[PDB]
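Below is one structure, written out as structure tokens; comments come after it.
Quick note: numbers below take in every heavy atom, side chains included, and nothing from hydrogens, waters or symmetry partners. Throughout, a chain's letter reflects where its sequence line sits, starting with A, and its residues are numbered from 1.
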Amino acid sequence: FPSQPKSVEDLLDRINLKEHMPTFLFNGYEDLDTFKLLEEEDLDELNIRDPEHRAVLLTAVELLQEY
Amino acid sequence: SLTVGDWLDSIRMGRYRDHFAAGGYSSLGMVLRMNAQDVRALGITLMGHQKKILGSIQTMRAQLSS
């Protein structure tokens, strides 16, 4: 779909979390078919601790299951 | 093709062909018995790659059970 996130970078840009882009792309989450596997415990391992960031990321992951 | 090397390429994890081969996983049937420890012991360290490989194994076992 033309309107869909094209990459992890595009998705993080859309949800205003580009600060986490090196964290995901240096820890094996460089492709959207892997990003869509994220769960809360995976954000702990990635040291992503801000509850607002965490909720935003897990909402975006739910939307990719639709994809 | 239910080759280990074809399975890895299908999930974009062909970089681990030599890791699986060295660890003795010559069939997919041997891969389907793996757990997270088996994956780490091949020398696979990137978190998301561990997660993608195990998730694929979990799904393939469910699709062959029934």
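B:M13 and B:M30 fall within a single hydrophobic cluster, where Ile, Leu, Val, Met, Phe, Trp and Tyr are joined by side-chain heavy atoms under 4.5 Å apart, directly or via other members.
Here CZ of A:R14 is found 13.5 Å from CG of A:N16. Values are rounded to the nearest 0.5 Å. Here CD of B:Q63 is found 12.0 Å from CD of B:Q58. Values are rounded to the nearest 0.5 Å. Summarising the geometry, atom CD1 belonging to B:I57 is positioned 9.0 Å from atom CG belonging to B:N35; distances are rounded to the nearest 0.5 Å. Here OH of B:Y16 is found 16.0 Å from OH of B:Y25. Values are rounded to the nearest 0.5 Å.
Residues passing the side chain to side chain donor-acceptor pair (under 3.5 Å) test with A:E30, sequence neighbours excluded: B:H49. Qualifying side-chain contact (heavy atoms from CB on, under 4.5 Å) partners for A:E41, counting only residues two or more places apart in sequence or in other chains: A:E39. Take B:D18 and apply the side chain to side chain donor-acceptor pair (under 3.5 Å) test, not counting sequence neighbours, and it matches no residue. Among residues two or more places apart in sequence or in another chain, the side-chain contact (heavy atoms from CB on, under 4.5 Å) test is passed with B:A21 by none. When the side-chain contact (heavy atoms from CB on, under 4.5 Å) test is applied to A:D50, the partners found at least two apart in sequence or on another chain are A:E52, A:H53. Under the side-chain contact (heavy atoms from CB on, under 4.5 Å) criterion, A:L46 pairs with A:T23, A:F24, A:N27, A:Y29, A:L38, A:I48, B:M47, not counting sequence neighbours. Taking the salt bridge (charged side-chain N to carboxylate O under 4.0 Å, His left out) definition, one finds that B:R40 meets it with nothing, sequence neighbours left out. With sequence neighbours left out, the side chain to side chain donor-acceptor pair (under 3.5 Å) criterion links B:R15 to no other residue.
Put simply, the side chain of A:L12 reaches to within 4.5 Å of the side chain of A:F35, judged on heavy atoms. Residues A:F26 and B:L46 have side chains not in contact (no heavy-atom distance under 4.5 Å, counting atoms from C-beta outward). Contact check for B:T3 versus B:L28: no side-chain heavy atoms found under the 4.5 Å cut-off. Within the 4.5 Å cutoff, side-chain heavy atoms of B:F20 are placed close to those of B:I53.
Distance alone, capped at 3.5 Å, is enough to place a donor-acceptor pair between the A:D10 side chain and the A:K6 backbone. Under the 3.5 Å distance criterion, the side-chain polar atoms of B:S27 are matched with a main-chain donor or acceptor of B:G29. No side-chain donor-acceptor contact under 3.5 Å links B:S65 to the backbone of B:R61. Judged purely by atom type and a 3.5 angstrom limit, B:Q50 uses its side chain to pair as donor or acceptor with the backbone of B:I44.
The local environment of CG in B:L2 is sparse, with at most 12 non-hydrogen atoms from other residues, nucleotides or ligands closer than 6.0 Å.
Using a 4.0 Å cut-off between charged side-chain N and carboxylate O, A:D33 and B:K52 make no salt bridge.
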